[PDB]
Amino acid sequence: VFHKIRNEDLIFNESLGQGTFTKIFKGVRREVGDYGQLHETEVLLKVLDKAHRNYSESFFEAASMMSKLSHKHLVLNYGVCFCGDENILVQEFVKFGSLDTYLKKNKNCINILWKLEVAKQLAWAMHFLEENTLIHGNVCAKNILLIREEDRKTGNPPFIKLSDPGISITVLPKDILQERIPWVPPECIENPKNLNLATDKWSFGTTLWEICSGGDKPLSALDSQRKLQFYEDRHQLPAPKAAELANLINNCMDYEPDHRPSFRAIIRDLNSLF
Ligand SMILES: Cc1cccc(Nc2nc(N)nc(CSc3nccn3C)n2)c1
């Protein structure tokens, strides 16, 4: 159960746009920290309308279940504000934000070894979730958060976290799932009840395609109906220009869910590209 944060300890400063049925803000939380020190902590606030009850329950149950598994590559949620007509997730503010925007802002001037390190870190997060049999269900580059940039002097790589899962595709409207092709796997387009650990292997492949493509969105030129035809004709994504990960992408985006490799196997594969 999330720690309850009082509305009077939350300051909303900047509107940052929308997620899927969420409104996003930057703000500050006033809190008591270690040694009793009084802090004003930068937070990322995700607002859900309590009138969308099924969506809010799904969102917060997913955030809560993943925050029960503390891990270096999983986002920190500080708690929640049951804030009148809205329920608000109070999350850590990750300094460099979403990875797809970061890669665009850096004009894909990122070397393959950087991409390999981020891919390995996500794979280790996903292996942890797999070992815990916890489905994330919305793995994508917008949900990879860059804590720190590479530091060439120390040799330290970039460091990422995986963000909260959001509303489950088992409750979302079908038209939203189709818009989310090719992150949502073919079996879930056929029936959202096919959500499974295998779902995250597919979406991991799509996310590696994003990373290798400098934050482009696959199939962006296709409307929903052509995205369904993509899957009907069982096509595979084009190799990214950073084609070093094309084989892994295709191996994870296997139309047969039971053939998608374990994250332990994915990590070994990534290591062998060094
Ligand atoms: C540089 C910068 C700019 C904006 C936000 C951050 N920090 C951040 N921290 C967290 N925890 N999560 C996210 C993604 S939330 C989302 N969904 C839809 C839109 N936005 C913004 N960004 C950093």
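In listed order, ligands and their atoms are each counted from 1. Only this structure's heavy atoms are used, side chains among them; waters, hydrogens and symmetry mates stay out. For reference, positions follow the sequence shown, starting with 1.
- Nearest to atom 9 (N) of ligand 1 by heavy atom, out of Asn77, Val94, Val75, is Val94.
- Looking at atom 12 (N) of ligand 1, its nearest protein heavy atom turns out to be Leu145 CD2, 3.6 Å.
- Checking only distances, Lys142 never comes within under 3.5 Å of ligand 1, N or O to N or O.
- Given atom 19 (C) of ligand 1, the protein heavy atom at minimum distance is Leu16 O, 3.8 Å.
- The shortest N/O to N/O separation between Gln91 and ligand 1 falls below 3.5 Å.
- Both tests pass for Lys26 against the ring of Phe93: distance under 6.0 Å to the centre and angle within 45° of the axis.
- A side-chain donor-acceptor contact under 3.5 Å links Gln236 to the backbone of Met253.
- Ligand-side atoms of ligand 1 in range of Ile24: 15 (S), 16 (C), 17 (N), 18 (C), 20 (N), range being under 4.0 angstrom from any heavy atom.
- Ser98 OG, 3.6 Å is the protein heavy atom nearest to atom 14 (C) of ligand 1.
- Checked for salt-bridge contact, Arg264 and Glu130 miss the test: no charged N lies under 4.0 Å from a carboxylate O.
- Of the protein's non-hydrogen atoms, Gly97 CA, 3.8 Å is the one closest to atom 22 (N) of ligand 1.
- Among all non-hydrogen protein atoms, the one lying nearest atom 3 (C) of ligand 1 is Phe93 CZ, 4.4 Å.
- Among protein heavy atoms, atom 10 (C) of ligand 1 sits closest to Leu44 CG, 3.6 Å.
- A salt bridge does not link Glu61 with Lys68: every distance from a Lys NZ or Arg NE/NH1/NH2 to an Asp or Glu carboxylate oxygen is 4.0 Å or more.
- Here is the list of ligand 1 atoms found below 4.0 Å of a heavy atom in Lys95: 1 (C), 23 (C).
- The aromatic rings of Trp124 and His127 lie perpendicular to each other, with more than 60° between the two planes, well past the 30° mark.
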